[PDB]
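Coordinates in review
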Amino acid sequence: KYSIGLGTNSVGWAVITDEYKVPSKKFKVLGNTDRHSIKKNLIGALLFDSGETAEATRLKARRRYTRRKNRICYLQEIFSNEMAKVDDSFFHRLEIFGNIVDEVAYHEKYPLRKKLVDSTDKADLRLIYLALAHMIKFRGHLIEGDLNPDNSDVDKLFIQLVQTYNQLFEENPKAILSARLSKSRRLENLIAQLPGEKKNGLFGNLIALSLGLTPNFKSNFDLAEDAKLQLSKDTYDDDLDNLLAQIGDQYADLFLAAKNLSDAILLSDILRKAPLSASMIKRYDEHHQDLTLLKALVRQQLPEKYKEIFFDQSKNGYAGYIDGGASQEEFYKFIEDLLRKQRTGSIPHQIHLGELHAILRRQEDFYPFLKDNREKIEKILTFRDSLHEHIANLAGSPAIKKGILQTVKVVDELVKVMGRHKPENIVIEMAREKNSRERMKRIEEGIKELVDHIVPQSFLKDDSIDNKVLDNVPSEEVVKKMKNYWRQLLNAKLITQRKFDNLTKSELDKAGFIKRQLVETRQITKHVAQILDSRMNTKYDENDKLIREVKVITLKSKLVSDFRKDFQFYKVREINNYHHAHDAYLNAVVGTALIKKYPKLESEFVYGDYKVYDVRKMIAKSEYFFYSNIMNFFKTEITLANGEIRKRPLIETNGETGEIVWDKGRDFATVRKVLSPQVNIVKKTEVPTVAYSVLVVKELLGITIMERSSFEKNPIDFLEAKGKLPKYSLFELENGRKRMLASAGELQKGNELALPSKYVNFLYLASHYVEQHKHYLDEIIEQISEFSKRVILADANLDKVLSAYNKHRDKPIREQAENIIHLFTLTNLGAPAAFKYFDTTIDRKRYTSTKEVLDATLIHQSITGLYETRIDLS
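Residues numbered from 1 in each chain as written, not as in the entry; some residues may be left out. Heavy atoms only, no water. Residues with missing side-chain atoms left out of burial classes, pairs and counts.

If you check the header, you'll see the entry was determined by cryo-EM and the resolution is listed as 4.0 Å.

Written out as structure tokens, the structure reads:
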């Protein structure tokens, strides 16, 4: 029936039919004003700011402590009966033994895991409980499947990290990592293998975070405040969140790919029973014998500094190392496998479960009840508000996962908007929205070292430089003789590695082409898909998938940006919040046709477990598609390098199913009927630093952070002594004029300017230069001037605006409309902003007089704005 497609400060949403109609639906208005409904399309955006609110706190050590306490409590619930049979008070004395002799004996002898592993003799149950407690306390860290050689393979997950980094930067894409060398040495050795990468780079810092350093990604993304990261450190989730939400959500699973690389390196250094338990034999032996030998040598040589080493907690020695708040790095400096601590990459649960298998099997015979609970104990370690926690568990804090916190709330009521009906496709994407410096850097490096698609659009829509170069099948072998020149561009970094292939790339050439467009490397969208797939599929699949029942699609926005340029459905951002809505419309337009046309490609871009069909089988000879592009059938005509044009059918369908998937004579008509002006654009209301101003009975008085607490306790006395309207509260008056409450001292524009698509698409065509249509320009300015008088109320500035167009009327249609785009900033909802219109500038105002609000109508909007409670007092 329908479909849905979905930044730092905006969340776009839209709804789409098979013919790409955005539904026009009335919305009930429950306010006392003479307004019962509004005709708005099922499209829009949600804007938000990054501020310290309740949600900001909710999406940011205590919860980790409670999780570990719950895990150990679940273990103790099983252990308690036999524990009381052995030692009743052992559990309570933990934050070791109840008597001095046993305690001291355990102190020199075992100040256990691999004795439960190797020794077959029956051991004390206290010892097993302690072993399992340290099993489940430091569980570690991402893999649903069982442990296999594939998880550990350093090459495999390093390559996975390289792909996730390279397909996030299309312009700029074991013996070393598992070596028993210094972490800095391993990092330098890895960096030396990749030219053009520095230690301070994002990739060098990610490798270090996989290795053990303390990378600071602030220099990698130009932040103002420190962004220390440390996997071993407890609060790595919170610090990771703060950094990535300062710098954008797209790198979250880049960082998590680094995290899994660290996991792989740990597993690798371990397995070459429970080999981590052999590694802790190494750790314990070195630590304890080195401590004893140091004690002996200090006794024999420096008796005075002995007490400083072993008994002065305040000083920087071992005494402060173990019992005080002293780090290892200073301790080694005062005096890396010498004296490693108990609370120290978080060892993968694949390693730990390897011990749970090793420990329990070696002792399952002697204790029958532990053998019976073999599978349960495995589930204890590997099992997992909660949704607020998981986004906190993801690699992003509120700052930009506020929208990803919103995008769930956006979609959750969007389900209600369409009457609980479920969408077929939900396309999501994340990209930075500084690239001009990027294209400059490669040119500087490429020169220092020393238009047509390489593969045409018939095989895939790739207008990026990786495919663009300034017969029908890719470059012929006659052209392949130029590869000597292509090699000089590869080593000069003027071209990427895959481009060196694609130029020289039959069917094996086309096999990788489809995958890149559809396979999604941004797994944050997969994590969002996981959230979408978990919240949608409560009815778990019976077997072999465990999940089905309505799809989650993650297409790249590249299938949209190409879709915009081809068929006259262009986008202008600064006009209004429709451009996010326009992308959210042209996002899922791709989804409806692609799946019904190529169901075999489902596994490549849709969430869930599916049969991996051989792409070689689907690609055929010159006689679904021979030409590999999934979006060829959108065009009626196919363009090749030679200039020969391949015809296409008027109506497209799927051969193996027979369903019509594409109506060229009818679907193109409906799309233009979409972009042409009432749309659900909703600004979510959110709670000497004043928080919010409450109406007083009439005037507004601000409440600082301190006063609110006393306000909730005794509001009457607090109101009496001086003599909730949240920030950006919708304030409407007279002919649709709208205001938002910036503070007690200022107001904001709440009126969104709209344009019928003829006036929209023209602006992009003009700005990116139909010259007979110069009469559209006068109407646009007139429509702007008419819009300015009704709601903006800046008649002093507006007179200059109308004059300025008269001064520069001789200028071309292009530059004129480009300055019109900047002129649109005056009308946009939100904080007013100064701008330049031709030479004429200023055009800025501050609605400090808020007296209108006292008699105005408030409109308390939901996130989608459907349920409005308009209370007008006057």
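Some points on the overall build of the protein chain
Counting secondary structure elements, the protein chain contains 40 helices and 19 strands. Against the globule reference of 29 Å for 874 residues, the protein chain gives a C-alpha radius of gyration of 32 Å, in line with a compact fold. Here the C-alpha coordinates of the protein chain stretch approximately 100 × 90 × 60 Å along the principal axes. (Helix = DSSP H or I, 4+ residues; strand = E, 2+ residues; numbered from the N terminus. Rg over C-alpha atoms; globule rule 2.2 N^0.38 Å.)

Notes on the domain arrangement of the protein chain
Domains assigned within the protein chain are domain 1 (62–141 + 274–382), domain 2 (149–271), domain 3 (442–510), domain 4 (685–745 + 853–872) and domain 5 (757–849). The straight-line distance from the C-alpha centre of domain 1 to that of domain 4 is 56 Å. (Domains from an automatic or database assignment.)

Some words on the packing of helix α36 (residues 757–767) against helix α39 (residues 813–823)
Remark: α36 packs on α39, axes separated minimally by 7 Å, with the N-to-C direction vectors making an angle of 125°. In terms of orientation, α36 and α39 fall into the oblique class. In the packing of α36 onto α39, the handedness of the crossing is left-handed. Mapping the contact onto sequence places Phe762, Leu763, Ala766 and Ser767 in α36 and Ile813, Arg814, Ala817, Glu818 and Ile821 in α39. (Axes fitted to C-alpha atoms, helices over the stretch in contact; angles between N-to-C directions. Parallel < 35°, antiparallel > 145°, perpendicular 65-115°, else oblique. Left-handed = near helix turned anticlockwise from the far one by under 90°. Contact = heavy atoms within 4.5 Å.)

Considering the nonpolar core
Among the nonpolar cores identified, the biggest contains 61 residues, and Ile207, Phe217, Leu254 and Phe255 are the most heavily contacted of them. The element best represented in this core is helix α13 (residues 252–271), accounting for eight residues. When residues no more than four places from it in sequence are discounted, the contact partners of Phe255 are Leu202, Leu206, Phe217, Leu229, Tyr236, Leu240, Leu243 and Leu244. Among the nonpolar cores identified, the runner-up in size contains 49 residues, and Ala45, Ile514, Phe567 and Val589 belong to it. (Core = buried A, V, L, I, M, F, W, Y, C linked by side-chain atoms within 4.5 Å. Buried < 20%, exposed > 50% of the residue type's maximum accessible area, 1.4 Å probe, protein only.)

A word on helix α37 (residues 775–792)
Taking 1.5 Å of rise per residue, 18 residues should cover 26 Å, and α37 covers 25 Å from first to last C-alpha, within 8% of that figure. Of the positions making up α37, those classed as buried are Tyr776, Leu777, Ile780, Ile781, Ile784, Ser785, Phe787, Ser788, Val791 and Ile792. After α37 finishes, the residue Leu793 shows a positive phi value of roughly 60°. (Expected span 1.5 Å × (residues − 1).)

Section: the packing of aromatic side chains
Using the criterion set out here, one finds 39 aromatic pairs in the structure. Here the aromatic rings of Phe459 and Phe626 are separated by 6.1 Å at their centres, their planes lie at 85°, and the arrangement is edge-to-face. Accessibility expressed as a relative area gives 0% for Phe459, which makes it buried. Seen from their ring centres, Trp662 and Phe668 are 5.1 Å apart, and the 65° between their planes marks the pair as edge-to-face. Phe668 shares its class with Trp662; the two are buried. Of the aromatic side chains, those joined through ring pairs into one cluster are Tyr20, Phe563, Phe567, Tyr598, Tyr624, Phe625, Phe633, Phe634, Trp662 and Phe668. For the cation-ring pair, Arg299 lies above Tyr306, with the distance from its terminal atom to the ring centre recorded as 3.7 Å. (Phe/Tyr/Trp six-rings, centres within 6.5 Å; stacked < 30°, edge-to-face > 60°. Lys NZ or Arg CZ within 6 Å of the ring centre and 35° of its normal.)

Details of the pairing of strand β16 (residues 737–743)
Within β16, six of the seven residues are buried, leaving the element largely enclosed by the surrounding structure. Summarising the sheet, strand β15 (residues 730–733) and β16 pair through three bridges and their orientation is antiparallel. The residue bridging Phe731 from the neighbouring strand is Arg739, located in β16. Counting the residues between successive antiparallel strands, the hairpin from β15 to β16 contains three residues, one of them, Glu734, with a positive phi of roughly 45°. Relative to strand β17 (residues 746–749), β16 runs antiparallel, the two sharing four bridges. Along β17, the bridge assignment pairs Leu741 with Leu747. (Pairing = 2+ DSSP bridges.)

Comments concerning the side chain of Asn467
The topology assignment puts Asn467 in the loop between β6 (452–453) and β7 (468–469). Here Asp462 takes part through its backbone oxygen, which lies 2.7 Å from a polar atom of the side chain of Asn467. With near-sequence residues (within four places) excluded, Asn467 lies in contact with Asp452, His453, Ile454, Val455, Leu460 and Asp462. (Polar contact = N/O pair within 3.5 Å; in protein donor to acceptor, adjacent residues only side chain to side chain.)

Considerations on the pairing of β15
Here β15 shows two buried faces, one formed by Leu730 and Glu732 and the other by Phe731 and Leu733. When β15 meets strand β18 (residues 857–860), the two strands line up antiparallel, connected through three bridges. When the bridges of β18 are listed, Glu732 appears paired with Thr857.

Quick word on the pattern of salt bridges
Under the counting rule described, the total for this entry stands at 44 salt bridges. Of the charged contacts in the structure, one is a salt bridge between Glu686 and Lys684, with a shortest N-O distance of 4.0 Å. The pair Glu686 / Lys684 is uniform in exposure class, with both members buried. Across the pair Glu818 and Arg814 runs a salt bridge whose closest N-O atoms are separated by 3.2 Å. Taken together, the residues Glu818 and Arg814, both in helix α39 and four residues apart, mark about one turn of the helix. (Salt bridge = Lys/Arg side-chain N within 4 Å of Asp/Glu carboxyl O.)

Overview of unusual backbone geometry
Even without being a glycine, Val550 presents a positive backbone phi close to 80°. Relative to the helices and strands, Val550 is located in the loop between α28 (523–536) and α29 (558–566). Here the phi dihedral of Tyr728 falls at roughly 65°; this positive angle occurs in a residue that is not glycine. With respect to the helices, strands and loops of the structure, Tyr728 is situated in the loop between α35 (715–722) and β15. Judged by its relative accessible area of 13%, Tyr728 falls in the buried class.

Some remarks on the environment of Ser464
Relative to the helices and strands, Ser464 is located in the loop between β6 and β7. Separated by twelve residues in sequence, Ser464 and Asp452 have C-alpha atoms that sit 11 Å apart. A distance of 2.4 Å separates a polar atom in the side chain of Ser464 from a polar atom in the side chain of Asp462.

Comments concerning the packing of helix α21 (residues 386–393) against helix α22 (residues 398–417)
Axis separation between α21 and α22 bottoms out at 11 Å; the angle between their running directions is 145°. With respect to the hand of their crossing, α21 and α22 are arranged in right-handed fashion. Listed contacts from α22 to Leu387, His388 and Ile391 of α21 are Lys401, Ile404, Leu405 and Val408. Partitioning the contact of α21 with α22 into residue classes produces five nonpolar, one polar and one charged. (Nonpolar A, V, L, I, M, F, W, Y, C, P; charged D, E, K, R; others polar.)

Digging into a nonpolar patch on the surface
Residues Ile100, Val101 and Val104 make up a contiguous nonpolar surface patch of about 310 Å² in total accessible area. For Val101, the position within the fold is in helix α4 (residues 100–109). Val101 gets classed as exposed once you look at its relative accessible area, which sits at 60%. (Patch = residues over 30% accessible without salt bridge, like charges linked within 9 Å, V, L, I, M, F, W, Y side chains within 5 Å. Areas by Shrake-Rupley, 256 points an atom, 1.4 Å probe, with all protein chains shown as cover.)

A closer look at the sheet that holds β17
The strand order across the open sheet built from five strands is β17-β16-β15-β18-β19, with neighbouring strands paired in antiparallel fashion. Since the sheet does not close on itself, it has two edges, and those belong to β17 and β19 (869–872), each with one partner. When the angles between neighbouring strand axes are averaged without regard to direction, this sheet yields 35°.

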